[PDB]
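Student: This is the content of target_7.pdb (PDB, C-alpha atoms and all ligand atoms):
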```pdb
ATOM      1  CA  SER A   1      17.595  -3.106 -17.317
ATOM      2  CA  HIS A   2      16.432   0.609 -17.104
ATOM      3  CA  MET A   3      13.638  -0.017 -14.660
ATOM      4  CA  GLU A   4      15.792  -2.444 -12.595
ATOM      5  CA  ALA A   5      18.468   0.233 -12.056
ATOM      6  CA  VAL A   6      15.838   2.806 -11.051
ATOM      7  CA  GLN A   7      14.282   0.286  -8.666
ATOM      8  CA  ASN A   8      17.723  -0.426  -7.174
ATOM      9  CA  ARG A   9      18.230   3.342  -6.539
ATOM     10  CA  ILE A  10      14.770   3.633  -4.946
ATOM     11  CA  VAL A  11      15.494   0.675  -2.648
ATOM     12  CA  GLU A  12      18.944   2.036  -1.647
ATOM     13  CA  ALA A  13      17.495   5.516  -0.850
ATOM     14  CA  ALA A  14      14.550   4.084   1.129
ATOM     15  CA  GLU A  15      16.661   1.636   3.184
ATOM     16  CA  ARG A  16      18.907   4.498   4.408
ATOM     17  CA  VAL A  17      15.903   6.119   6.111
ATOM     18  CA  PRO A  18      15.648   5.583   9.911
ATOM     19  CA  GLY A  19      12.942   3.045  10.847
ATOM     20  CA  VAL A  20      12.834   1.316   7.440
ATOM     21  CA  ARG A  21      13.086  -2.487   7.659
ATOM     22  CA  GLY A  22      13.466  -3.260   3.953
ATOM     23  CA  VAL A  23      11.301  -2.579   0.930
ATOM     24  CA  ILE A  24       8.610  -5.293   0.680
ATOM     25  CA  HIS A  25       6.799  -4.244  -2.504
ATOM     26  CA  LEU A  26       7.772  -1.855  -5.276
ATOM     27  CA  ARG A  27       6.254  -1.219  -8.650
ATOM     28  CA  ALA A  28       7.148   1.549 -11.064
ATOM     29  CA  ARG A  29       6.407   2.593 -14.651
ATOM     30  CA  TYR A  30       7.456   5.317 -17.037
ATOM     31  CA  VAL A  31       4.847   7.824 -18.163
ATOM     32  CA  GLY A  32       6.715   9.514 -20.965
ATOM     33  CA  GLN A  33      10.107  10.471 -19.492
ATOM     34  CA  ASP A  34       8.879  10.464 -15.887
ATOM     35  CA  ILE A  35       8.519   7.651 -13.360
ATOM     36  CA  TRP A  36       5.345   6.847 -11.356
ATOM     37  CA  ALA A  37       5.914   4.387  -8.468
ATOM     38  CA  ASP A  38       4.180   2.755  -5.573
ATOM     39  CA  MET A  39       6.046   1.136  -2.727
ATOM     40  CA  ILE A  40       5.543  -0.600   0.601
ATOM     41  CA  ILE A  41       8.275  -0.580   3.287
ATOM     42  CA  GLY A  42       8.606  -2.815   6.301
ATOM     43  CA  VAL A  43       8.569  -1.215   9.735
ATOM     44  CA  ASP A  44       8.698  -2.331  13.368
ATOM     45  CA  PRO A  45       5.314  -3.983  14.119
ATOM     46  CA  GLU A  46       5.239  -2.235  17.559
ATOM     47  CA  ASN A  47       5.383   1.216  15.877
ATOM     48  CA  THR A  48       2.038   3.007  15.861
ATOM     49  CA  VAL A  49       0.464   3.549  12.474
ATOM     50  CA  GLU A  50       1.127   7.310  13.109
ATOM     51  CA  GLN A  51       4.871   6.554  13.593
ATOM     52  CA  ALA A  52       4.932   4.309  10.506
ATOM     53  CA  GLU A  53       3.298   7.045   8.393
ATOM     54  CA  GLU A  54       6.069   9.510   9.474
ATOM     55  CA  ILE A  55       8.630   6.976   8.271
ATOM     56  CA  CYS A  56       6.713   6.634   4.949
ATOM     57  CA  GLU A  57       6.757  10.423   4.511
ATOM     58  CA  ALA A  58      10.521  10.464   5.185
ATOM     59  CA  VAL A  59      11.073   7.744   2.576
ATOM     60  CA  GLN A  60       8.972   9.670   0.061
ATOM     61  CA  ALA A  61      11.039  12.802   0.662
ATOM     62  CA  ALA A  62      14.332  10.892   0.500
ATOM     63  CA  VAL A  63      13.551   8.973  -2.679
ATOM     64  CA  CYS A  64      11.987  11.934  -4.521
ATOM     65  CA  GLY A  65      14.978  14.057  -3.512
ATOM     66  CA  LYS A  66      17.549  11.537  -4.859
ATOM     67  CA  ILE A  67      15.838  10.516  -8.099
ATOM     68  CA  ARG A  68      14.769  13.490 -10.222
ATOM     69  CA  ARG A  69      12.742  11.605 -12.885
ATOM     70  CA  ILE A  70      10.185  10.362 -10.273
ATOM     71  CA  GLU A  71       7.059  12.450 -10.782
ATOM     72  CA  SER A  72       4.837  10.523  -8.333
ATOM     73  CA  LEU A  73       5.672   8.172  -5.433
ATOM     74  CA  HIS A  74       3.242   6.664  -2.934
ATOM     75  CA  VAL A  75       4.813   5.046   0.170
ATOM     76  CA  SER A  76       2.913   2.852   2.694
ATOM     77  CA  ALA A  77       4.054   0.417   5.428
ATOM     78  CA  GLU A  78       3.530  -3.158   6.610
ATOM     79  CA  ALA A  79       4.887  -5.063   9.620
ATOM     80  CA  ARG A  80       8.290  -6.653   9.328
ATOM     81  CA  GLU A  81       9.696  -8.544  12.354
ATOM     82  CA  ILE A  82      13.480  -8.777  12.790
ATOM     83  CA  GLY A  83      14.695 -11.898  10.926
ATOM     84  CA  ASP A  84      11.400 -12.040   9.026
ATOM     85  CA  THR A  85      11.381 -14.513   6.139
ATOM     86  CA  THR A  86       7.563 -14.412   5.666
ATOM     87  CA  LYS A  87       7.462 -11.349   3.412
ATOM     88  CA  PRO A  88       9.216 -10.555   0.127
ATOM     89  CA  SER A  89      12.024  -8.032   0.039
ATOM     90  CA  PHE A  90      14.266  -6.122  -2.402
TER      91      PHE A  90
ATOM     92  CA  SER B   1     -19.852   0.740 -14.982
ATOM     93  CA  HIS B   2     -18.634  -2.916 -14.395
ATOM     94  CA  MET B   3     -15.535  -1.971 -12.478
ATOM     95  CA  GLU B   4     -17.406   0.751 -10.509
ATOM     96  CA  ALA B   5     -19.955  -1.792  -9.223
ATOM     97  CA  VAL B   6     -17.185  -4.218  -8.229
ATOM     98  CA  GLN B   7     -15.340  -1.395  -6.473
ATOM     99  CA  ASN B   8     -18.548  -0.439  -4.638
ATOM    100  CA  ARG B   9     -18.924  -4.070  -3.400
ATOM    101  CA  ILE B  10     -15.274  -4.162  -2.276
ATOM    102  CA  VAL B  11     -15.703  -0.895  -0.353
ATOM    103  CA  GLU B  12     -18.968  -2.061   1.302
ATOM    104  CA  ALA B  13     -17.387  -5.403   2.387
ATOM    105  CA  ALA B  14     -14.212  -3.729   3.711
ATOM    106  CA  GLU B  15     -16.043  -0.988   5.662
ATOM    107  CA  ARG B  16     -18.069  -3.620   7.586
ATOM    108  CA  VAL B  17     -14.842  -5.006   9.075
ATOM    109  CA  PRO B  18     -14.069  -3.928  12.685
ATOM    110  CA  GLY B  19     -11.285  -1.308  12.859
ATOM    111  CA  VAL B  20     -11.667  -0.093   9.256
ATOM    112  CA  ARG B  21     -11.925   3.703   8.954
ATOM    113  CA  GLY B  22     -12.822   3.935   5.263
ATOM    114  CA  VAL B  23     -11.089   2.801   2.100
ATOM    115  CA  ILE B  24      -8.486   5.422   1.090
ATOM    116  CA  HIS B  25      -7.123   3.904  -2.128
ATOM    117  CA  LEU B  26      -8.446   1.149  -4.363
ATOM    118  CA  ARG B  27      -7.402   0.015  -7.786
ATOM    119  CA  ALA B  28      -8.594  -3.064  -9.626
ATOM    120  CA  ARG B  29      -8.345  -4.625 -13.092
ATOM    121  CA  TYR B  30      -9.687  -7.656 -14.889
ATOM    122  CA  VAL B  31      -7.234 -10.326 -15.989
ATOM    123  CA  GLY B  32      -9.454 -12.385 -18.231
ATOM    124  CA  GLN B  33     -12.600 -13.084 -16.180
ATOM    125  CA  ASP B  34     -10.885 -12.566 -12.819
ATOM    126  CA  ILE B  35     -10.207  -9.420 -10.801
ATOM    127  CA  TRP B  36      -6.795  -8.367  -9.393
ATOM    128  CA  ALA B  37      -6.984  -5.509  -6.842
ATOM    129  CA  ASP B  38      -4.882  -3.492  -4.482
ATOM    130  CA  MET B  39      -6.354  -1.458  -1.671
ATOM    131  CA  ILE B  40      -5.412   0.737   1.269
ATOM    132  CA  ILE B  41      -7.746   1.134   4.281
ATOM    133  CA  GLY B  42      -7.679   3.786   6.955
ATOM    134  CA  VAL B  43      -7.152   2.700  10.547
ATOM    135  CA  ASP B  44      -6.788   4.333  13.962
ATOM    136  CA  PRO B  45      -3.350   6.042  13.991
ATOM    137  CA  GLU B  46      -2.782   4.810  17.603
ATOM    138  CA  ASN B  47      -3.123   1.154  16.476
ATOM    139  CA  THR B  48       0.206  -0.655  16.257
ATOM    140  CA  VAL B  49       1.302  -1.698  12.800
ATOM    141  CA  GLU B  50       0.771  -5.320  14.059
ATOM    142  CA  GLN B  51      -2.877  -4.464  14.941
ATOM    143  CA  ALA B  52      -3.387  -2.690  11.600
ATOM    144  CA  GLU B  53      -2.034  -5.719   9.700
ATOM    145  CA  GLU B  54      -4.603  -7.973  11.500
ATOM    146  CA  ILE B  55      -7.331  -5.615  10.308
ATOM    147  CA  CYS B  56      -5.896  -5.778   6.739
ATOM    148  CA  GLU B  57      -5.962  -9.589   6.866
ATOM    149  CA  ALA B  58      -9.596  -9.494   8.053
ATOM    150  CA  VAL B  59     -10.531  -7.176   5.178
ATOM    151  CA  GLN B  60      -8.779  -9.468   2.703
ATOM    152  CA  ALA B  61     -10.711 -12.458   4.032
ATOM    153  CA  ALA B  62     -14.014 -10.559   4.052
ATOM    154  CA  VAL B  63     -13.700  -9.129   0.551
ATOM    155  CA  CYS B  64     -12.375 -12.342  -1.041
ATOM    156  CA  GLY B  65     -15.177 -14.265   0.670
ATOM    157  CA  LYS B  66     -17.935 -11.941  -0.659
ATOM    158  CA  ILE B  67     -16.698 -11.418  -4.219
ATOM    159  CA  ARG B  68     -15.903 -14.679  -6.015
ATOM    160  CA  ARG B  69     -14.284 -13.221  -9.178
ATOM    161  CA  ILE B  70     -11.402 -11.639  -7.153
ATOM    162  CA  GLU B  71      -8.356 -13.810  -7.781
ATOM    163  CA  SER B  72      -5.836 -11.570  -5.969
ATOM    164  CA  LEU B  73      -6.286  -8.815  -3.353
ATOM    165  CA  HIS B  74      -3.549  -6.986  -1.460
ATOM    166  CA  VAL B  75      -4.692  -4.919   1.564
ATOM    167  CA  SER B  76      -2.483  -2.402   3.456
ATOM    168  CA  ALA B  77      -3.260   0.416   5.939
ATOM    169  CA  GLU B  78      -2.613   4.119   6.506
ATOM    170  CA  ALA B  79      -3.560   6.453   9.367
ATOM    171  CA  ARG B  80      -6.987   8.018   9.321
ATOM    172  CA  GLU B  81      -7.979  10.343  12.206
ATOM    173  CA  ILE B  82     -11.670  10.675  13.123
ATOM    174  CA  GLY B  83     -13.162  13.505  11.012
ATOM    175  CA  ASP B  84     -10.163  13.336   8.674
ATOM    176  CA  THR B  85     -10.569  15.364   5.485
ATOM    177  CA  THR B  86      -6.852  15.157   4.508
ATOM    178  CA  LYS B  87      -7.033  11.799   2.730
ATOM    179  CA  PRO B  88      -9.216  10.555  -0.131
ATOM    180  CA  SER B  89     -11.984   8.074   0.537
ATOM    181  CA  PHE B  90     -14.522   5.853  -1.268
TER     182      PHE B  90
HETATM  183 ZN    ZN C   1      -1.999   6.844   0.582
HETATM  184 ZN    ZN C   2       2.129  -6.708   1.286
END
```
Output the file's structure as structure tokens, nothing else.
Ligand SMILES: [Zn+2]
Ligand SMILES: [Zn+2]
Tutor:
Amino acid sequence: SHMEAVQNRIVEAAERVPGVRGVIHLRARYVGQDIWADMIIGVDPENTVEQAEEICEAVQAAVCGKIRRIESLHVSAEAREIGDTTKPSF
Amino acid sequence: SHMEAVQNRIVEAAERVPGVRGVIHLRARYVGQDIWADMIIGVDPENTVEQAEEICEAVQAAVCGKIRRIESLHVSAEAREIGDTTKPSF
């Protein structure tokens, strides 16, 4: 579907960013022709919150830069341990 | 309003939890008689993501325990520096 393809592009762009350990949560909607989205990435649990927020900002910039129809994107982080099977992923 | 009072109770419960530096984002809806909500707390930027996630889990437990109609609550964290005016708050 339309949304599924957009979500796939968001996930691909985010996962290229240094420090990203997968996308854990992602929701998006159209508002008219534009996309509004909210996403949560995994990051190294030993990162500081400060470090994680820099990664989030980099993801925001990357995703917004690659996908023109996204009007609004919020990115936040949660822990994701290497070989984590306890959290969802995209 | 109905939702405003519920949101006020969520914020009060969350802000009592050790390590919480304010609620930055909160959205909630009714699904039938039950509430579904998503919230983002501020935490010390020097906390590890691991530490921040323990705070989030404590907030989840606290809020769910105080407000019976909440069926589903997701809690995540962002940085909030002391005397921060750069992020919204409740
Ligand atoms: Zn935010
Ligand atoms: Zn989560």
Student: Out of A:55, A:23, A:61, A:77, which residue has the shortest atom-to-atom distance to chain B when counting all atoms listed in the file?
Tutor: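 The closest residue to chain B is A:77.
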Student: Name the residues that the PyMOL selection byres (((not hetatm)) within 12 of (chain C and resi 2)) picks from the file above, as a PyMOL selection string, using the file's chain letters and numbers.
Tutor: (chain A and resi 23-26+38-43+76-80+86-89) or (chain B and resi 38-40+53+56-57+60+72-77)
Student: Would you please work out which residue, of A:32, A:45, A:83, A:22, is nearest to chain B when using only C-alpha atoms?
Tutor: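 Smallest distance to chain B is found for A:45.
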Student: Name the residues that the ChimeraX specification (/B :<6) & /A pulls out of this structure, and write them as a PyMOL selection string.
Tutor: chain A and resi 45-50+79
Student: If I take atom CA of residue 20 of chain A and atom CA of residue 3 of chain A, how far is one from the other in Å, to one decimal?
Tutor: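 Calculated distance between atom CA of residue 20 of chain A and atom CA of residue 3 of chain A is 22.2 Å.
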Student: Atom CA of residue 64 of chain B and atom CA of residue 85 of chain A are how many Å apart?
Tutor: 24.9 Å
Student: Residue by residue, what does the PyMOL selection byres (((chain A and resi 17) around 9) and not hetatm) grab here? Present the result as a PyMOL selection string.
Tutor: chain A and resi 13-16+18-20+55+58-59+62
Student: Can you take segment 34-50 of chain B from the block and write N, CA, C and O atoms as an mmCIF file, in the first residue's frame?
Tutor:
```cif
data_model
loop_
_atom_site.group_PDB
_atom_site.id
_atom_site.type_symbol
_atom_site.label_atom_id
_atom_site.label_comp_id
_atom_site.auth_asym_id
_atom_site.auth_seq_id
_atom_site.Cartn_x
_atom_site.Cartn_y
_atom_site.Cartn_z
ATOM 1 N N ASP B 34 -12.324 3.198 27.693
ATOM 2 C CA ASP B 34 -10.957 3.074 28.130
ATOM 3 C C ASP B 34 -10.088 4.152 27.455
ATOM 4 O O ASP B 34 -10.397 4.641 26.407
ATOM 5 N N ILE B 35 -8.976 4.470 28.082
ATOM 6 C CA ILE B 35 -8.038 5.443 27.587
ATOM 7 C C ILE B 35 -6.820 4.715 27.002
ATOM 8 O O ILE B 35 -6.265 3.803 27.625
ATOM 9 N N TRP B 36 -6.389 5.182 25.828
ATOM 10 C CA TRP B 36 -5.076 4.826 25.224
ATOM 11 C C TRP B 36 -4.228 6.106 25.173
ATOM 12 O O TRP B 36 -4.743 7.148 24.817
ATOM 13 N N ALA B 37 -2.976 6.043 25.644
ATOM 14 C CA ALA B 37 -2.151 7.254 25.736
ATOM 15 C C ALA B 37 -0.697 6.952 25.381
ATOM 16 O O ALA B 37 -0.188 5.879 25.604
ATOM 17 N N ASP B 38 -0.016 8.008 24.962
ATOM 18 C CA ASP B 38 1.346 7.973 24.591
ATOM 19 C C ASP B 38 2.008 9.202 25.192
ATOM 20 O O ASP B 38 1.468 10.301 25.026
ATOM 21 N N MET B 39 3.105 9.016 25.912
ATOM 22 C CA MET B 39 3.714 10.174 26.528
ATOM 23 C C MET B 39 5.240 10.128 26.473
ATOM 24 O O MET B 39 5.852 9.054 26.455
ATOM 25 N N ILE B 40 5.826 11.318 26.535
ATOM 26 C CA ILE B 40 7.265 11.491 26.546
ATOM 27 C C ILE B 40 7.619 12.368 27.742
ATOM 28 O O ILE B 40 7.122 13.478 27.865
ATOM 29 N N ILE B 41 8.478 11.843 28.609
ATOM 30 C CA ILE B 41 8.972 12.561 29.805
ATOM 31 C C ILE B 41 10.338 13.167 29.505
ATOM 32 O O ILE B 41 11.091 12.668 28.645
ATOM 33 N N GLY B 42 10.690 14.214 30.251
ATOM 34 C CA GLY B 42 12.053 14.683 30.241
ATOM 35 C C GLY B 42 12.861 13.938 31.295
ATOM 36 O O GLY B 42 12.352 13.605 32.355
ATOM 37 N N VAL B 43 14.151 13.769 31.047
ATOM 38 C CA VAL B 43 15.052 13.156 31.982
ATOM 39 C C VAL B 43 16.408 13.856 31.862
ATOM 40 O O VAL B 43 16.675 14.533 30.881
ATOM 41 N N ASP B 44 17.273 13.629 32.854
ATOM 42 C CA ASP B 44 18.606 14.166 32.884
ATOM 43 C C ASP B 44 19.330 13.702 31.639
ATOM 44 O O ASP B 44 19.371 12.486 31.399
ATOM 45 N N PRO B 45 19.914 14.632 30.834
ATOM 46 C CA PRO B 45 20.581 14.255 29.593
ATOM 47 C C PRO B 45 21.806 13.366 29.808
ATOM 48 O O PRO B 45 22.202 12.667 28.871
ATOM 49 N N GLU B 46 22.392 13.402 31.010
ATOM 50 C CA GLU B 46 23.574 12.577 31.359
ATOM 51 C C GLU B 46 23.139 11.188 31.801
ATOM 52 O O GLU B 46 23.947 10.325 31.901
ATOM 53 N N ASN B 47 21.848 10.925 32.071
ATOM 54 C CA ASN B 47 21.418 9.524 32.247
ATOM 55 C C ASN B 47 21.771 8.703 30.994
ATOM 56 O O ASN B 47 21.706 9.184 29.883
ATOM 57 N N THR B 48 22.065 7.424 31.178
ATOM 58 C CA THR B 48 22.131 6.508 30.057
ATOM 59 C C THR B 48 20.690 6.237 29.604
ATOM 60 O O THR B 48 19.700 6.478 30.325
ATOM 61 N N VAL B 49 20.564 5.828 28.335
ATOM 62 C CA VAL B 49 19.331 5.418 27.774
ATOM 63 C C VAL B 49 18.723 4.287 28.639
ATOM 64 O O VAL B 49 17.508 4.316 28.895
ATOM 65 N N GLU B 50 19.560 3.342 29.094
ATOM 66 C CA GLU B 50 19.154 2.260 30.007
ATOM 67 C C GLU B 50 18.482 2.846 31.260
ATOM 68 O O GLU B 50 17.372 2.418 31.617
#
```
